[PDB]
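Structure record follows, encoded as C-alpha cells.
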Amino acid sequence: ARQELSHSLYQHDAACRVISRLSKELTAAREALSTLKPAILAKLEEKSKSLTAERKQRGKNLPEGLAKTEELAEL
Amino acid sequence: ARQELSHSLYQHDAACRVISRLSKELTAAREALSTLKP
Amino acid sequence: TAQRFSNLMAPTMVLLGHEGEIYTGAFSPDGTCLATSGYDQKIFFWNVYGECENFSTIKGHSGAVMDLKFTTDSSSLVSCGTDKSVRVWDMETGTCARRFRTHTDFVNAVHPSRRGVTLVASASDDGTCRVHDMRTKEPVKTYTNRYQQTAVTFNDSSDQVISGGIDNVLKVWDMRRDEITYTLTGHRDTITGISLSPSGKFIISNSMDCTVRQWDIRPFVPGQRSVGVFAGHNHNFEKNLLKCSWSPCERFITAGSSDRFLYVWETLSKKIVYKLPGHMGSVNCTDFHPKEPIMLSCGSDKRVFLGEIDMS
Amino acid sequence: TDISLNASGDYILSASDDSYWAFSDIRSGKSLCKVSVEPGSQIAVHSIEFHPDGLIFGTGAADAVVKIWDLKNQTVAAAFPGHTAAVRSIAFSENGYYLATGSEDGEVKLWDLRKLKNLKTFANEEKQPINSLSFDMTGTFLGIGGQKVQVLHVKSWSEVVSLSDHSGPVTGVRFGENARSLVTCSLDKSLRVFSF
Amino acid sequence: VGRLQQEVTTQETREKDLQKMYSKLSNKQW
Amino acid sequence: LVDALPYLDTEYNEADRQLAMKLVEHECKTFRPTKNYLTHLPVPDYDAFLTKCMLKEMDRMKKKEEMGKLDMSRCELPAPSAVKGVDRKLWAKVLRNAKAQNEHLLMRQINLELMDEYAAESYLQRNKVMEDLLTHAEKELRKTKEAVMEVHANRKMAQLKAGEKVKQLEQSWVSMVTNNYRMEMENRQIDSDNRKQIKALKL
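Chains as they are written, first to last, in my numbering: chain A, 68 to 142; chain B, 26 to 63; chain C, 1458 to 1769; chain D, 237 to 432; chain E, 91 to 120; chain F, 1052 to 1254.
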C-alpha cells in the first residue's frame, strides 16, 4: 500500500505540472482574446564525450595522494 | 494507507480530467483568434 | 417556521389610506421610503419598514397624478399630473421646489436625469416631449410630435430622450442633434410606459397590445434592436397607462397588468416566474425596492401592496 | 542570484529572479539562447550548476523543484520534486553521476543520474538553512555550509567533522587539490582555511 | 466561476469605454 | 489546481483520457519520483509489540521456511518389536503412551456423549447469532450504499446548479469579446472623419 501510494502521489504530482503548464497557455490565449485589437551542438558532444571519457581512468582509480579520512578528521 | 491511496487515485483521476478539459478550452480559444483576425 | 427574505414585518403588507385610484408608485433610491399617488392627487409617503406608517402626505396637486419618480440623490421627488404641470417636491421641506407650467395639455410621464444637472424629461397629450431645467422658467428642449406622447425616459448619460406615444413607434431624440436618431418598431398599440435599465443598456416598453418589448439603446447594435417580447399581462378597456420597472440586478422585469396579477419576467428567457395575486383591480404600477427583494405594486383597487420575493 | 561556469571555460550560464536562464559569451556579451525556467510564470531561481561534462545543467528554485536541462535541445531533460523549501544550492559530482541539492529546510539529499533517483538523505534536526554546497575536485567528499561547516565523505554518507567557528551564516564552500585543504567564508567578515 | 466573473467584468468595462468612443466619434461625424 | 467537475464536464471521453495521460507520460519521462511523498504518514513499525520469540517466527515466514508440525503418530501408537524391545526405554515409552491414549479416548467418549446432548442446540444457537450478525451487517451495507449514492447526488446537484450558471456566463462572455473587437474595427472606421475634416479644412 505504501509503495502504491508513493506511485499514485507521484503520478498526481506529475499531473499537476501538466495542469499548470496548460492553465497558463489557456490564460495567455484568453488574454489575447480579451485584449484583441486590429557545429555548436556537435562540439558539445565531442567535448562532453571527451570530458566524460577522460574521467573513466579517474573513476577506476582515485589519486594515490588523496587525503585520508583519518587526516580530514583532524582539520 | 489504503484511505490515502483511495484519495490519491481519485485526485489523479480528477487531475487527468483537468488536462483533458484545459486542452479543449485552449484549442477552442486558439480557434477563436483564428476565427476573428483572419 | 418559514423562509424570510427582507426586513419587512410580514412577507406581505396591505397599505390602506388612499381613496383615489392609485396610478403610480416608486421607492426612494435609499430604500427608506416609498411614495404613491393617483386620482386622489394627494401624494402619500410610506416607510418601507416596521409599521410602514404614512409619515407624510403632500397635497398641492389639483389634477390627478400620472407618474412620480425620485431624483437619484433622493433630495427631491418629481411628479406630474393632469393639471398640465410638472411639480418637484423637496423631500426635507415637503414643498414645491419648482412648478413647471409650459405644457398645454395633460402631462403623463416623468423621468429625472441620473447625474449632472437635474433635468426632468416629460411627455404630454399636447404631443411635445419637453426637458425642463431646475434653473430656468423656460424649458431647455421642446420636441414636438404630431401625436400625443405618454411615456418618457432619458438614457443613462442623460443626452438622449426616449418618448413613446399614440404612434406605437417611438420618437427617440438626441439632445445634441434635436433630431430623431432612430425609431423602435414593434408595438402594435400605444405605449403605456418606458423604464430605463439600471445600467442604461436597455429599455423595456409596455404597450396596450399586452406585450412588453425589450430594446437595446446602446450606441452600436449591428441589427434589429428588439431583444425580446414578454407576454402574459393584459390591458383592459380602462386603457390605463400601466407602467413598467426594472429590477436593480436587471435579471427581472415587471409591468402593470389589468388582470390584477403582479407579473415578473426573467430577462433572457422571457418566461414568467412570479404571478402574484392579491389585488382586486388593475395594477397600474409596479417597482422593485433598490436594495432588498421587496415588490411594490399600486392598483386601481385603492390599495398598495408590499411583499418580499425570492429574487434568484 | 546564481551563475555557473562551463567546463571548457568558454561560456557562462546565469539565473535570476526573472526566472530566465540565459547562456552567454563571457567576452562579447552576446547570448546564444534564453528560455524561462517556468514559462508563463514567475518563480525565483536560487541555484544553478552545470553537470561537469557540460552538456546538461541543474536548476533550483523557490518552488523547491529541481529541473535538469539539456543544452543540446535547450529543454528540460529531468525534473526532481525533492526538498520542502527553496533550493539555495546545487552541486554536481565530477564522477558524473552523484548530484546534491541544498535548501532552507536543512536537509541534504544525494541523487543518481543513472536512474534519476535519490540515493540517501542527511539533515540537521534544527532545520537551519543550508546556504552552500560543494563536492571536492575528485567527488569523494561533499562540503556543506549553513550556520556551521560540515564535510561528508559521500561514498559512506557519514559526517566526518563539523565546525562552528564562524559567528554567522556561511556563504561559500570550496575544496583544494586532492582534498588537502578546505576553504570557507562567512558573514563574520573573515576568510579562513582549514587543514590537518 | 470566479475566473469567468472577472473575465466578464473585464469586458463589461471594456465595452463601456468603446461605446463612449463610438458616441464621441459618431457624434463628430454628424 | 485540480478543478475538474465530473458531473459538468460530461464531454470527457476515453479518447480524451488516452490523450491526457499521453501528456502526463511526456511529463513523467522527465518528471521523476524524487521527493518522499509519504512524509505525512509515519515511518512503519512492523516489529512493534513483538517478543524476541515472535521475531524469529516472523523471520522464518519472511524466509518462507515451512512451519514445524507436531508428530501426531502417538495416537496410532506404532508397535515395538522384540529385536528393538531389548531396551527398557522403548517399552517405557510405548506402555506409558498406551496408558495415556486410553484416557484421551476415555475423555473423548465423555465429550462426545455430552456433545450428543447439547451440540445440536448450541450449533442452532450459534447459527441464530450468526444470522443476526449477517442481517445487521446487511442493514449496514444498505445504509452505507444509500449514503454513498447521496454524496453522488449532492455533488451532481451542486455541480449542475453551478454548471448552468457557467454555461450562461460563458455564452455571454464570447458574445462580448466578438462584439468588442467589432467595435474596435468600427471606431477605427469612423476615424474616416479625418477625411471630412481635411476636406472641411481645405474646401
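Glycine included, each C-beta is placed from N, C-alpha and C at the ideal position.
Check: What residues of chain B sit near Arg-1083 (chain F), judged by a beta carbon separation below 8 Å?
Finding: Here residue 1083 (chain F) refers to the residue found at position 32 of the sixth sequence. Within 8 Å Cβ-Cβ: nothing; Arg-1083 (chain F) doesn't reach chain B, min ~17 Å.
Margin query: Check for me: the alpha helix (DSSP H) holding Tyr-1506 (chain C) runs from which residue to which?
Written below: Mapped onto the third sequence, residue 1506 (chain C) falls at position 49. Segment: none, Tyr-1506 (chain C) is in no alpha helix (DSSP H) and carries neither H nor E.
Check: How close, in whole Å, do the beta carbons of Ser-400 (chain D) and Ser-417 (chain D) come, if the pair is a contact with beta carbons under 8 Å?
Finding: Position 164 of the fourth sequence, counted from the first residue, corresponds to residue 400 (chain D). Position 181 of the fourth sequence, counted from the first residue, corresponds to residue 417 (chain D). That belief does not hold up - the Cβ atoms of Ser-400 (chain D) and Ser-417 (chain D) are roughly 19 Å apart, past 8 Å.
Note to self: One question on the structure: do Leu-378 (chain D) and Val-385 (chain D) come within less than 8 Å of each other, judged by their Cβ atoms?
What the structure shows: Stepping through the fourth sequence from its first residue, residue 378 (chain D) is reached at position 142. Stepping through the fourth sequence from its first residue, residue 385 (chain D) is reached at position 149. Not closer than 8 Å, so no.
Next item on the list: Between the Cα of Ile-107 (chain A) and those of D:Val-271, D:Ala-280 and D:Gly-290, spot the shortest distance and give me the residue it belongs to.
Entry: Along the first sequence, read from residue 1 onward, the residue named residue 107 (chain A) stands at position 40. Ranking D:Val-271, D:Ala-280 and D:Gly-290 by Cα distance to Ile-107 (chain A) puts D:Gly-290 first.
Item checked: Rounded C-alpha distance that separates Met-1208 (chain F) from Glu-1215 (chain F) -> Residue 1208 (chain F) sits at position 157 when you count from the first residue of the sixth sequence. Residue 1215 (chain F) sits at position 164 when you count from the first residue of the sixth sequence. If you take the alpha carbons of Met-1208 (chain F) and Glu-1215 (chain F), they lie about 11 Å apart.
Margin query: On the DSSP letters alone, give me the boundaries of the beta strand (DSSP E) that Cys-1755 (chain C) sits inside.
Written below: On the third sequence, position 298 is the one that residue 1755 (chain C) refers to. Where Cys-1755 (chain C) is concerned, the enclosing beta strand (DSSP E) stretches over 1751-1756.
Next item on the list: Show which residues of chain D have a CB atom less than 7 Å away from the CB atom of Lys-1086 (chain F).
Entry: Position 35 of the sixth sequence, counted from the start, is the residue given in the question as residue 1086 (chain F). The contacting residues are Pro-317 and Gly-318.
Item checked: Chain-ordered chain A contacts of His-389 (chain D) [CB-CB under 9 Å] -> Stepping through the fourth sequence from its first residue, residue 389 (chain D) is reached at position 153. Near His-389 (chain D) (Cβ distances below 9 Å), the residues of chain A are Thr-136 and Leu-139.
Notebook entry, point to check: Do you know whose CA, among F:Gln-1240, F:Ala-1066 and F:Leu-1052, lies nearest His-37 (chain B)'s CA?
Noted result: In the second sequence, residue 37 (chain B) corresponds to position 12, counting from 1. Ranking F:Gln-1240, F:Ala-1066 and F:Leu-1052 by Cα distance to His-37 (chain B) puts F:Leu-1052 first.
Note to self: According to DSSP, is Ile-44 (chain B) part of a helix, a strand, or is it coil?
What the structure shows: Position 19 of the second sequence, counted from the first residue, corresponds to residue 44 (chain B). Here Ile-44 (chain B) sits in helix by DSSP.
Notebook entry, point to check: So is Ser-1124 (chain F) buried or exposed if we call it buried at 16+ other beta carbons inside 10 Å?
Noted result: Here residue 1124 (chain F) is taken as the residue at index 73 of the sixth sequence, counted from 1. Classification of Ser-1124 (chain F): exposed, given that the 10 Å Cβ count is below 16.
Margin query: Cutting at 7 Å between CB atoms, please list the residues of its own chain near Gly-1584 (chain C), excluding the five before and the five after it.
Written below: Position 127 of the third sequence, counted from the first residue, corresponds to residue 1584 (chain C). Counting only Cβ-Cβ distances below 7 Å, and skipping sequence neighbours, we find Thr-1601, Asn-1602, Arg-1603, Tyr-1604, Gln-1605 and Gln-1606.
Next item on the list: Under 8 Å between beta-carbons, which chain A residues line up against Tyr-1232 (chain F)? List them in chain order, please.
Entry: Locating residue 1232 (chain F) in the sixth sequence gives position 181, where the first residue counts as 1. Here the neighbours are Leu-103, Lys-104 and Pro-105.
Next item on the list: Whole angstroms is fine: what's the gap from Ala-1130 (chain F)'s alpha carbon to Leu-1121 (chain F)'s?
Entry: As a position in the sixth sequence, residue 1130 (chain F) is number 79, starting the count at 1. As a position in the sixth sequence, residue 1121 (chain F) is number 70, starting the count at 1. Cα-Cα distance, rounded: 19 Å.
Notebook entry, point to check: What are the start and end residues of each continuous alpha helix (DSSP H) run of 4 or more residues lying completely inside the region 390-415 of chain D, in chain order?
Noted result: none
Notebook entry, point to check: What did DSSP end up calling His-1568 (chain C) once you bin it into helix, strand or coil?
Noted result: On the third sequence, position 111 is the one that residue 1568 (chain C) refers to. Here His-1568 (chain C) carries a strand assignment [DSSP, helix/strand/coil].
Notebook entry, point to check: Hey, out of F:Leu-1165, F:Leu-1128, F:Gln-1176 and F:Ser-1243, whose CA is closest to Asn-1153 (chain F)'s CA?
Noted result: Looking up residue 1153 (chain F) in the sixth sequence gives position 102. The shortest C-alpha separation from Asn-1153 (chain F) is found at F:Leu-1128.
Item checked: Chain-ordered neighbours of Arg-69 (chain A) on chain D, where CB pairs are closer than 7 Å -> For the purposes of this step, residue 69 (chain A) is taken as residue 2 along the first sequence, with counting starting at 1. Under the 7 Å cutoff, chain D gives no residues; its nearest Cβ is about 16 Å from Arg-69 (chain A).
Item checked: Beta bridge counterpart(s) of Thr-1711 (chain C) as assigned by DSSP -> One-based indexing of the third sequence puts residue 1711 (chain C) at position 254. Answer is C:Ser-1702 and C:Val-1721, bridged to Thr-1711 (chain C).
Notebook entry, point to check: Mind checking whether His-287 (chain D) and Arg-324 (chain D) have CB atoms under 8 Å apart?
Noted result: One-based indexing of the fourth sequence puts residue 287 (chain D) at position 51. One-based indexing of the fourth sequence puts residue 324 (chain D) at position 88. No; because the gap between Cβ atoms is not below 8 Å, this pair is not in contact.
Next item on the list: Using alpha carbons as the reference points, say which of A:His-74, A:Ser-117, A:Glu-92 and A:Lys-116 lies closest to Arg-1083 (chain F).
Entry: As a position in the sixth sequence, residue 1083 (chain F) is number 32, starting the count at 1. The candidate whose alpha carbon is nearest that of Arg-1083 (chain F) is A:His-74.
Notebook entry, point to check: Under 8 Å between the Cβ atoms of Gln-1498 (chain C) and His-1518 (chain C)?
Noted result: Your numbering for residue 1498 (chain C) matches position 41 in the third sequence. Your numbering for residue 1518 (chain C) matches position 61 in the third sequence. Taking 8 Å as the Cβ cut-off, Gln-1498 (chain C) and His-1518 (chain C) qualify as a contacting pair.
Item checked: beta-carbon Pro-365 (chain D) near the ligand FMN non-hydrogen atom, thresh 7 Å -> Of the ligands one can find in the structure shown there are none, so the ligand FMN has no counterpart to examine.
Notebook entry, point to check: In chain order, what residues of the same chain have a beta carbon less than 8 Å from the beta carbon of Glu-1508 (chain C), not counting five sequence neighbours either side?
Noted result: For the purposes of this step, residue 1508 (chain C) is identified with residue 51 of the third sequence, where counting begins at 1. Correct list, in chain order: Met-1466.
Next item on the list: Using a cut-off of 7 Å between C-beta atoms, extract the partners of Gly-381 (chain D) located in chain A.
Entry: Residue mapping note: residue 381 (chain D) aligns to position 145 of the fourth sequence, counting from 1. Simply none; closest approach about 14 Å.
Check: Would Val-1228 (chain F) pass as a contact of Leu-100 (chain A) if the rule is Cβ separation under 8 Å?
Finding: Taking the sixth sequence and counting its residues from 1, the one referred to as residue 1228 (chain F) is at position 177. Taking the first sequence and counting its residues from 1, the one referred to as residue 100 (chain A) is at position 33. Contact flag set, yes.
Next item on the list: Output yes if chain F places a C-beta closer than 8 Å to the C-beta of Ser-45 (chain B); else output no.
Entry: Here the question's residue 45 (chain B) lines up with position 20 in the second sequence. Chain F contact via Cβ: present.
Check: Would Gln-119 (chain E) count as contacting chain C if we go by Cβ distances under 8 Å?
Finding: The residue labelled residue 119 (chain E) in the question sits at position 29 within the fifth sequence. For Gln-119 (chain E), the answer is no, since every Cβ of chain C falls outside 8 Å of its Cβ.
Check: With a Cβ-Cβ cutoff of 8 Å, do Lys-303 (chain D) and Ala-321 (chain D) count as a contact?
Finding: As a position in the fourth sequence, residue 303 (chain D) is number 67, starting the count at 1. As a position in the fourth sequence, residue 321 (chain D) is number 85, starting the count at 1. No; because the gap between Cβ atoms is not below 8 Å, this pair is not in contact.
Note to self: Quick check: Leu-72 (chain A) and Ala-26 (chain B), are their CB atoms within less than 8 Å of each other?
What the structure shows: What you label residue 72 (chain A) is simply residue 5 of the first sequence in a count that begins at 1. What you label residue 26 (chain B) is simply residue 1 of the second sequence in a count that begins at 1. Yes, these two residues count as a Cβ contact at 8 Å.
Notebook entry, point to check: For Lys-104 (chain A), which residues from the same chain have a beta carbon less than 7 Å from its beta carbon, with the 5 sequence-adjacent residues on both sides left out?
Noted result: Taking the first sequence and counting its residues from 1, one reaches residue 104 (chain A) at position 37. Nothing meets the Cβ criterion.
Checklist line | the region 1659-1679 of chain C / the region 1707-1714 of chain C touching (three or more Cβ pairs under 8 Å) | finding: yes
Margin query: Please report whether the beta-carbon of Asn-1238 (chain F) lies at a distance below 8 Å from any beta-carbon of chain E.
Written below: Walking along the sixth sequence from the start, residue 1238 (chain F) turns up at place 187. Closer than 8 Å: yes.
Note to self: Give me the chain A residues within the contact set of residue 1019 (chain F), using Cβ-Cβ distance strictly less than 8 Å, ordered along the chain.
What the structure shows: Given that chain F is displayed from residue 1052 to residue 1254, the structure contains no residue 1019 (chain F) and the question cannot be resolved.
Note to self: Counting only Cβ-Cβ distances shorter than 9 Å, please list the residues of the region 1057-1085 of chain F near chain B, keeping chain order.
What the structure shows: The residues in question are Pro-1057, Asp-1060, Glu-1062, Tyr-1063, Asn-1064, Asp-1067, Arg-1068, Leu-1070, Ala-1071, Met-1072, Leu-1074 and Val-1075.
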